[PDB]
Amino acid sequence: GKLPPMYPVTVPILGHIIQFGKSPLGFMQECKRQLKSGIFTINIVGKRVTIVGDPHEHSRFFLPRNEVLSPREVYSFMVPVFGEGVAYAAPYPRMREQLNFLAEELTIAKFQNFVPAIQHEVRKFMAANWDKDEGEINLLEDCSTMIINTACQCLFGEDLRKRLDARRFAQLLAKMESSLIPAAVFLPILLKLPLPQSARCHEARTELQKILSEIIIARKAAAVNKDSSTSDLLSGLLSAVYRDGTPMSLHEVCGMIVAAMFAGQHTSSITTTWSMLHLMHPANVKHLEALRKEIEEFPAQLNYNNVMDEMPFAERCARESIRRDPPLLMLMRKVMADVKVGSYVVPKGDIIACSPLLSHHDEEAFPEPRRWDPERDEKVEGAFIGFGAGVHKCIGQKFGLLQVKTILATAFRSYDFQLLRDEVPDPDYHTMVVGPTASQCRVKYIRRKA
């Protein structure tokens, strides 16, 4: 049971961080075919990171349980945002109970009015910033706004949106996000040091909890006198009760709510943006025409069944945008026990990684991996890990693709788009969640005449 092959280090303390930083895909691709191995070890500032770049071996990463392959350590830099003691910072069963409640709230059973709520909100956007016959806009920005507005409309009741609208909420979320130092996965010390930024999320957190409390107290004042039939993500979570029979504290409720919105914000937008960029490119008229054929029968007011059931192709477009260019590049676990990966053994201490970026460009799994083709299929079973797998698979997946499909459907009905460059935009590897390079997403909308 040998250690996997490790790439020679040529920079004493830093290791491979510089090179891995400049060009992720390339670096890993070279490491792979340099060492003729899908499984291999690199070195981040002293730390050993074993990457599992062989899709046939994805199950050895996604199936071991928390006690052998743990997310706490590596995702503890998210504490300021979810809360101390919430999600990854909680006892694993408590962590698990928590995520289950969240999942219960985002299942397809709860999707009844989401689609009309999403359209109303999309149309509202389109009719205020896309209100000319032709226009230049930044599509990434604009899908981001659309995504957050639709999330809020699906997930929050009117009374909360009166106090906290999507605009306000994006700002509180940005404050929160500005204190994140993902660097601290490899330099833990940073999680314990106060920084210029540290205070910023706490201020937005306390403002957010303050609002939720006041909302709940008023909700109580009207249940004194009514059915108050409508429920939302908030009332959902407040009726949750742990196995031990105690309910969630406000701190935890709020943690789940931001964790929800935060998680979906960039990933769903980026996925929308990419899909449209691909669909509007000359080279992909074939696919744009196909999508539009799928939409052709549909009514103005879309419904649960149109987008849940009658849009296979729109889904393939979203999933393939993710496949070509996944928003999350490196997924990670801390190795609690020696564990067996293919012909190798990964020792206790290692950070173990599985990278959707790498696996989605395995030429066997995905012939011509830089070609965006919505009709392809994985040539290896399980090579698509865009939404993770096994114990920590994405729980927002369905809600996410609901937003994207409804947005594509609503957009491409009323409009055409004109990419303002020759080629589709390049990914930008220099942000924690990756998307098309923002400065390259300026785009022209054209209102359709029919």
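We number the residues from 1 along the sequence you see.
Annotation for 43-51 versus 30-38: the higher mean temperature factor (C-alpha) is found in 30-38.
Between 186-194 and 213-221, it is 186-194 that carries the larger average Cα temperature factor according to the deposited entry. Highest CA B-factor among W274, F169, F156, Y344, as stated in the entry: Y344. Ranking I147, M248, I322, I295 by the C-alpha B-factor listed in the PDB entry places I295 at the top. In the PDB entry, a CA B factor belonging to the middle third of its chain's modelled residues is recorded for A128. Among the modelled residues of its chain, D142 has a C-alpha B-factor that falls in the lowest third, as given in the PDB entry. Among all modelled residues in its chain, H58 ranks in the middle third by Cα B-factor.
For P369, the recorded CA B-factor ranks within the middle third of the chain. Only modelled residues enter the ranking. When the modelled residues of the chain are ordered by C-alpha B-factor, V11 sits in the highest third.
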